[PDB]
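Student:
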Amino acid sequence: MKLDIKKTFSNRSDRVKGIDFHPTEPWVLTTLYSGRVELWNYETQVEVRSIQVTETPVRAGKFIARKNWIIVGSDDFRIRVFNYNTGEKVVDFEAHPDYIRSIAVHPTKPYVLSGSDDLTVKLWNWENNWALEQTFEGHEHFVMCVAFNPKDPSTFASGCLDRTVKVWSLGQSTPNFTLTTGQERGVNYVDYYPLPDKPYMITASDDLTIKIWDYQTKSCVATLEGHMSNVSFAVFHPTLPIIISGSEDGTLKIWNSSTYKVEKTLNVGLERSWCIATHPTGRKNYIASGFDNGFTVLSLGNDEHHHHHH
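If you want it as structure tokens, here you go:
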């Protein structure tokens, strides 16, 4: 590959806590500490739609493109769903009795997971009236991040300030396993490597480290050091051999996913970094990050997302 980073679109706003790419429209969703959410076309740089959802922080937001929805979770305990074409608020319910940190959407089935400061993950089913179909209990501190395994989304991972990642199966009440990270300040984020050649997950911590894990053996594969403040997230790029992380040190870091050495450090000048998204199909190798003072959409270069794409 050849890293060739271009700034596609950056704009200033209140602190961006959640961020996501639409899979077929050139849109990015940002969810703000102010309770506002913005939908931007980053190619034309024109706001498609925006909503003052609540007065509390909105920490989580995802597209559900197959329903033309966004789904968001906020510190006022509520999950809300809006149709992004009409602005219709579809549903609005109390989901947890404490802050909602993270929302994940199943790739094919009508399932949403929410992770919360109430120590739980909850599974909601939108084809069943958004009923609470399962609550996953076992964590001992705030659940900061939930992520389905894209290679087997009957399973998902929860990253928790109790220093563990728990991996669960839908329909079963205890973890398939609990991975102890040695990241003593807790886990802020968890992501799966999406390709079938490595059974890998990655965790980010306030302890300044990022760790790569074999989820079949539970062994630490590598520890990535160099962020100088809390690491907010770390993710595998879906098609490029890299890892991308962001930190309260104000930087994004791009790491070689084979050597585990840092390749690039970028401070985009928006202060602390909080959240990350990568384009679902690697379109123009777009990534986006949200920060204290706004967001940025970057293109990482021209390497193809599909073998023999040209």
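The sequence shown begins at 1 in PDB author numbering and counts up one residue at a time. Idealized CB from N, CA, C, for every residue including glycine.
1. So for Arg163, helix, strand or coil by DSSP?
2. In three-state terms, what does DSSP make of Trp126?
3. Once DSSP output is grouped into helix, strand and coil, what is the label at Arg15?
4. In chain order, what residues of the same chain lie with their CB nearer than 7 Å to the CB of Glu184, ignoring the 5 residues before and after it?
5. Taking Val105 as part of the beta strand (DSSP E), name the residues at either end of that continuous run.
6. With three or more C-beta pairs closer than 8 Å as the rule, is the region 10 to 26 touching the region 61 to 74?
7. Out of curiosity, what's the CA-to-CA distance linking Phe233 and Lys211?
8. Excluding sequence positions up to five away, which residues of its chain have a Cβ less than 8 Å from the Cβ of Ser258?
9. In whole angstroms, what separates the C-alpha of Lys2 from that of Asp303?
10. First and last residue of the beta strand (DSSP E) that includes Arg272?
11. Spatial neighbours of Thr178 within its chain, please: C-beta separation below 7 Å, excluding the five flanking residues on both sides.
12. What does the alpha-carbon distance come out to for the pair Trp213 and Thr174?
13. Return the CA-CA distance between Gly250 and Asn230, expressed in angstroms with no decimal places.
14. Answer yes if the region 134 to 151 comes into contact with the region 114 to 124, meaning at least three C-beta pairs across the two stretches below 8 Å, and no otherwise.
15. Beta-carbon within less than 6 Å of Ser102's beta-carbon, same chain only, minus the 5 sequence neighbours each way: which residues are those?
16. Which residues in the same chain have their Cβ closer than 7 Å to the Cβ of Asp191, if we skip the five residues on either side of it in sequence?
17. So, at 6 Å on beta carbons, what are the nonlocal neighbours of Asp76 in its own chain, with the 5 sequence-adjacent residues on each side left out?
18. Take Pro107 as the anchor and find which of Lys89, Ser13, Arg66 and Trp124 has the nearest alpha-carbon.
19. Please return the same chain residues whose Cβ sits closer than 7 Å to the Cβ of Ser154, not counting the five positions on each side in sequence.
20. With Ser299 and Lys6 assumed to form a contact (beta carbons below 8 Å), what rounded beta-carbon distance in angstroms separates them?
21. Of all the options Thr265, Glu140, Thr278 and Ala157, which has the alpha carbon lying nearest to the alpha carbon of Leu123?
22. Whole angstroms is fine: what's the gap from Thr281's alpha carbon to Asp197's?
23. With distance defined between alpha-carbon atoms, name the residue in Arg12, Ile79, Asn68 and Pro97 nearest to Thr86.
24. Terminal residues of the continuous beta strand (DSSP E) containing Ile244?
Tutor: On the basis of the supplied data:
1. Correct three-state label for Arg163: coil.
2. helix
3. coil
4. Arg163 and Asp207
5. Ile100 to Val105 is the span of the beta strand (DSSP E), which, as asked, contains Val105.
6. yes
7. Going by the C-alpha atoms only, they are around 11 Å apart.
8. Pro241
9. 7 Å
10. Unbroken run through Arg272: none, as it is neither H nor E.
11. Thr164 and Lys166
12. When rounded, the distance between both Cα atoms is 20 Å.
13. 10 Å
14. yes
15. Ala60, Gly115, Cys145 and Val146
16. The beta carbon of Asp191 sits closer than 7 Å to those of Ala147, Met201, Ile202, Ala234, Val235 and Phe236, all from its chain and outside the five residues before and after it, given in chain order.
17. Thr54 and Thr56
18. Nearest in C-alpha terms to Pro107, of all of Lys89, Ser13, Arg66 and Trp124, is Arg66.
19. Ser169 and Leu170
20. Contact holds; Cβ gap of about 5 Å.
21. For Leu123, the nearest C-alpha among the options comes from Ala157.
22. 18 Å
23. Considering only alpha carbons, the answer is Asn68.
24. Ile242 to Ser247
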